[PDB]
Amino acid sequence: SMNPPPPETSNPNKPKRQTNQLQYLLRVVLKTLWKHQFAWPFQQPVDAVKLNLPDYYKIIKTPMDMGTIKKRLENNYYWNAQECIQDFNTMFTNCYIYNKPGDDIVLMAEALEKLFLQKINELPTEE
């Protein structure tokens, strides 16, 4: 029923870094997806109470959303690009797992992912 606490977006005991790749992830990748017309359902954790989806957090045990990702990048939560790329993949994967292959939300995720894969194809090599 109730929503779980959201994923953490800072942690005093987790080592922080900024790499040119993480800068690219925030400035080009996140920026491009965030502003997209299909971004809004992904800009914050799935609110399963408000959506009336009691099974969401019985099914999805590794939630992720772009709001969480944006804050992680802003806080320099990550050590490397892979951690961030992983968060995006988890977000898309959760969507494809919970929802049916027809669904608008799935089609939305697919277009965002297609864009994601384009931008990530041009990730710079490290400075």
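Don't overthink the numbering: it's just position in the shown sequence, from 1. Take the two forms, superpose them, and find the largest set of C-alpha atoms that agree within 1.5 Å; that set is the rigid core.
Root-mean-square C-alpha deviation from the shown form, taken over all structures in 7 other deposited structures of this protein superposed by the rigid core, is larger for 11 to 19 than for the alternative among 115 to 123 and 11 to 19. The mean C-alpha temperature factor is higher for 98 to 106 when 36 to 44 and 98 to 106 are set side by side.
Looking at 4 to 12 and 116 to 124 together, the entry lists the larger mean B-factor for 116 to 124, computed on C-alpha atoms. Per the deposited coordinates, the residue with the largest Cα temperature factor out of 49, 91, 29, 81 is 49. Among the modelled residues of the chain, residue 71 sits in the lowest third by CA temperature factor in this PDB entry. Among all modelled residues in this chain, the alpha-carbon of residue 53 has a temperature factor (C-alpha) in the highest third.
Among all modelled residues in this chain, the alpha-carbon of residue 60 has a temperature factor (C-alpha) in the middle third.
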